[PDB]
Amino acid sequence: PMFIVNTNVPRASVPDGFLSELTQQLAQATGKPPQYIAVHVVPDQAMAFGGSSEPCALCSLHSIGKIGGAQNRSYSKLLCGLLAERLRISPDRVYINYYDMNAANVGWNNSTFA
């Protein structure tokens, strides 16, 4: 799985250790070994949510399965909880788009997962 966060929160306000905490909590949440989890955090962005430039986040989670109704509500509570705790962003100023990827449409290591 791959988790990407784009935020207007400044780089100085992203705590040390955040990439590792995202990797650990996503490995646990998805029930996958951490060797499979990629994370990416992009601060200092020019973005607005509902016309306001108060802290906000636009994020994505891609996974080959383990995506769906109840699972996504659980991911949202975990990930908004981390973004509120670590980056001080309110949960109602966060969007996370979930993508169930087909194994044939994920490349890695010169081939795909198919």
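So that there is no doubt, residue numbering starts at 1 and follows the sequence shown.
Peer 1: Between 55-63 and 85-93, which has the larger average Cα B-factor in the PDB entry?
Peer 2: On average, C-alpha B-factors are higher across 85-93.
Peer 1: Between 7-15 and 20-28, which has the higher average C-alpha B-factor in the PDB entry?
Peer 2: Result of the comparison: 7-15.
Peer 1: Which third of the chain does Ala46 land in by C-alpha B-factor: lowest, middle or highest?
Peer 2: It belongs to the middle third of the chain when residues are ordered by C-alpha B-factor.
Peer 1: Which third of the chain holds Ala70 when residues are ordered by C-alpha B factor: lowest, middle or highest?
Peer 2: According to the entry, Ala70 has a C-alpha B-factor in the chain's highest third.
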